[PDB]
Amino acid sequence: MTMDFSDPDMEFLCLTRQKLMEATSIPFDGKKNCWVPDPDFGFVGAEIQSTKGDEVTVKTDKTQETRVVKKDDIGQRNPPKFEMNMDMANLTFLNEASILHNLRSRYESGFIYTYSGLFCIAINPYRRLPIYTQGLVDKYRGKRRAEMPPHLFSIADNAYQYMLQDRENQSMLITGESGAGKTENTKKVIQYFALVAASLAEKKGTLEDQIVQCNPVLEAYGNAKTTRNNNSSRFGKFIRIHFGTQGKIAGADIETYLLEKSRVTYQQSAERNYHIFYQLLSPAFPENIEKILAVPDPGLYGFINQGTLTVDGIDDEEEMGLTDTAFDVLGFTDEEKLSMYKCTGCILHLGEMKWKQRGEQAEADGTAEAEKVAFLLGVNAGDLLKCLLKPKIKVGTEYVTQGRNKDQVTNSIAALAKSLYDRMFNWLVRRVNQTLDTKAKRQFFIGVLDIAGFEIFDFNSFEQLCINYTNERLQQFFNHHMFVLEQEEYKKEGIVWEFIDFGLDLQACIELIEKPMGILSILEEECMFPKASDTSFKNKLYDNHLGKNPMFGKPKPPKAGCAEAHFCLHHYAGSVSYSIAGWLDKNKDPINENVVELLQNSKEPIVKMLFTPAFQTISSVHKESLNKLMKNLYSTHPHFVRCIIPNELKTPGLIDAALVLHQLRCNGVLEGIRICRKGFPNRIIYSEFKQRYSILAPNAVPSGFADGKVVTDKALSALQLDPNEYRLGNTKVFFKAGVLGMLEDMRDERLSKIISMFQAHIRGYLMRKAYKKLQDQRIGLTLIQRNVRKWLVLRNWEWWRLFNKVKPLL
């Protein structure tokens, strides 16, 4: 249904006028054809054979089987007009059976992108597609969403459009589980505007060239191989692009969230560390290994080798060279660059210092390690080790020295590694935001968002709740946006109707988490009394909230596995069971303030890095930044790209119905549909409606003189339809569910009878014509048939035969 249905380019967007005439033409019986439940694709098509109470006996579509599902697992199916439906919201029959169907059908044809009302679905192709060529851009430029086929570029664009026409802000929200490719679309969306909008005005970029190189440099540090995705986004991102009236790009600013601090020093069996250590120890830059004082072999480094050392699809030698380029383009000094490596390296050497103790007194062994570690941070060895092994805390009235045992002196060297990265990440973000700030007038912005959706797992700790709380918001910002827009729309058509902002719904979960004395709040207290115990932390929590705020409860168990849970924070997605598992340690950054203070002296980045300018609770900072986002997001037109992972095995065309149908139920896709339904989810534009159901009731009045709204109204009244089922507006007629279903039905069942009638006027023309002939031929015959009989009675009459020869006798 969109511009040159036979464009080579549309090979993955739409079908052909031919191919779609096919899906749409396959048989159907709204009494026989349906949707049923199944073990391997969740649902499958069916033709009802028999019925006996509940024992409905169905023969499926493909298989040829005959199960006997009870009645209720017999889903209603959409008629052929809808096969390949481009926007999920126009389905007369709303159900998972369908939503799933509309989806893989489209998916197994090469169609990843696909709309459903306000949301635009994506499903990881897992394979280069041509969908994103420049020429496609143009084709997609300027157009309202329905003039073209479903595609990121429209959503990217209409966003851009509305930015201009409405002189207001634009936010694009990409979601979905892990490895469902939201970082993939993001840089598309971003790469889009970089062309559409680019301006007209040594080793350095261009404001647009630069907006783009953010990824390399960020990802060489933010991403790392994970079981679900080899290029996992280990963090949240909100980038924002500012446009100057004229509508060109004025600069952008970046926001990052929840850096997984833990892989710095820890890596699961299969997994890996931030792609950058691997890119450094790469053959790509020889001297560089020298400068960060290291040796070409990601194997020797305790902080790197605990899992992999390579990813199925990555050429770490290239990446680096690429990464080293995003630097130059972003305009960083050779020196600034070195500085960002040596730090990366110190994280190597850290994990290579070995300790030994002689009574709670650990001791270096190979000063050799720390010596390097020392040369990177620009401080000094002995002074470093000291702060490390023996520290002078400050017990209120005094500064005491103390003894640190190997476990301690070790655990300590971790934090310092996990702290020096975080710092380094931030400085790196901080340093880009610095180049993406041209300072040129800024009317508005479109801001993109890559971020996990709710992370609900089998074992749930802190880092879990963080993210879950995050989308806990984002979920109501949506529920909000909807409420508004849905109410506005029913005004534009003037259809009386009452609603309710469901964001209110998510308000408990969210308060308890952030309110003055709920979870995170209490977590700040505990986090503050050295004499702090995790057991301590659940006493305060349990106490305050226990059976006193519903959204807080007793955690469910595993078997003798996973581990001990404590309070179940019922959410949006579902409900999670959380682990007190040492959030206090997790939350607050530790670190020999002794070392801290010794660092505040040295070599620069070190300086900026530890040179502050009490609240590092990974949480305080998150609630801080989380807001800075919601203010931004409620100041924008929200736009939703809902990413989806097709299946585990990283494979092209393949639907783990089970998995997919899972996401559909914690995305919000099945919620809009659930909500719309107790509304008029079917909204038809008067013209369109005339062109299709007039046949049900028609007349003599030429079409160009008839008025749409009038037709529709005549067409329904005649049919007897309940007024309950529709609302006729100023521009659309609003229908409940089954309406477009029945209409379609009553229709084909009409067109049929109509053509029979023609063929009945034809069987009447023709029969009438010979009626002429058999009217004549009956005269001929009764003639024959009455003379030939008269004759039989004379050929033997003596008088007669006489008269006969005596006749010529004249």
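Note that residue numbering follows the sequence shown and begins at 1.
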| query | finding |
| --- | --- |
| Where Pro613 meets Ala614 in the shown sequence, the number of deposited residues left unmodelled | 10 or more |
| Count class of coordinate-free deposited residues lying between the neighbours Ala201 and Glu202 | 10 or more |
| Between the two ranges 185-193 and 498-506, the one averaging a larger CA B factor in the entry | 498-506 |
| Per the entry, higher mean C-alpha B factor between 51-59 and 778-786 | 51-59 |
| Highest recorded Cα temperature factor - choice among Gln357, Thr435, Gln134, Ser461 | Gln357 |
| Criterion, highest CA B-factor; candidates, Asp73, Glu352, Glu514, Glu147 | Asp73 |
| Third of the chain's Cα B-factor distribution that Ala737 belongs to, per the entry | highest |
| Assigned third (lowest, middle, highest) for the C-alpha B factor of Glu524 | highest |
| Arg750 - Cα temperature factor, lowest/middle/highest third of chain | lowest |
| Chain-relative CA temperature factor third for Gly244 | highest |
| Assigned third (lowest, middle, highest) for the C-alpha B factor of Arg683 | middle |
